[PDB]
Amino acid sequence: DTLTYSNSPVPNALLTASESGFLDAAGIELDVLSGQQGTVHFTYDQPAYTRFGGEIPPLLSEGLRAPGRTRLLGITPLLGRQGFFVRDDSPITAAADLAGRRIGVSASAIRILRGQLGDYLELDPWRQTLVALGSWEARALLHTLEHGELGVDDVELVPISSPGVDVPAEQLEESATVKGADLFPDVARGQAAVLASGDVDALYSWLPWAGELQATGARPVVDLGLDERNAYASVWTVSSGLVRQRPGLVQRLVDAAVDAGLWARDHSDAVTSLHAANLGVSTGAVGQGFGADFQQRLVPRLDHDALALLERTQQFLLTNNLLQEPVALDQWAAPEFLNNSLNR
């Protein structure tokens, strides 16, 4: 069987099972989304599509635009090097030092931080979701400033380009695929340039990108990766029709991901390498961006703790008016598959 797919620049068992051959053994082959069909990464508008990535796009799709297109198969928390980075030679060493400083943030993050979404509700799915992706920077800045007893009104918000948030339709359509290596090439190099421009004092970085940025001679004012309140819940979705019509296929898919997740625990280097190749980053940055032992946490989850993390992100979206009505996670989830896999 053939399924179209994609994954965000996050640790996940779908990519792992695919690259390690577990899916092939299960008689499943995945075809990654081309840049020309890239919007599906945000819209889920395909009959046999599966994605494992950030939770914001699917939450918006299910809760704001097209309820019912997907079912949730599992969750894999994400937490690693994260925060507002400054050059090593910057006199800024504590959160309090950010007072009155120039914080580079995406236009999307500025809308959220200002509490002024503008035309948000009128935007097409792609641009609309990109506004919501400004949430990473927004929450990170709020948490960071709390450390110095500061608020958003105590700093200068300066518009800059942020990876994954600023993705023009032309860039997407011109990209070979939605793999990080194609869509997000040399992120750290670009962020290092912003910090060297003399017009910004700090900017937000995370994922392996933060690992490579750090290597250029930069550091986070506050490493948000050290506090779980900065974690996100990567979600694994599949077209709802497959769940209802081809449960056998979905079960084989989930079984393969679980086996791949178990296998990953004893093949850390291979898992690091396949993620590094997929994202187009150094192998060392993967561990920094996802956590040193992320390979031990690849078996998908649907336990209450995992669902609570997903709910936490959903609440940030609701509070900030990015979502008006919440997605019923228990209804969205299709726990029977993962449950059957773990009971083998």
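When you see a residue number, it is the position in the sequence shown, counting from 1.
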| item | value |
| --- | --- |
| Mean temperature factor over C-alpha atoms, higher-scoring stretch between 186-194 and 104-112 | 186-194 |
| Segment of higher mean CA temperature factor, 292-300 or 40-48 | 292-300 |
| Top residue by Cα temperature factor, when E137, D89, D201, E156 are compared in the entry | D89 |
| Selection from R71, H143, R246, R81 [criterion: highest C-alpha temperature factor in the record] | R246 |
| Entry-reported Cα temperature factor of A334, expressed as the chain third it lands in | middle |
| Modelled-residue ranking by C-alpha temperature factor, third containing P67 | middle |
| Third of the chain, ranked by Cα B-factor, where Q171 sits | highest |
| CA B-factor ranking of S161, expressed as a third of its chain | middle |
| Third of the chain, ranked by Cα B-factor, where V327 sits | lowest |
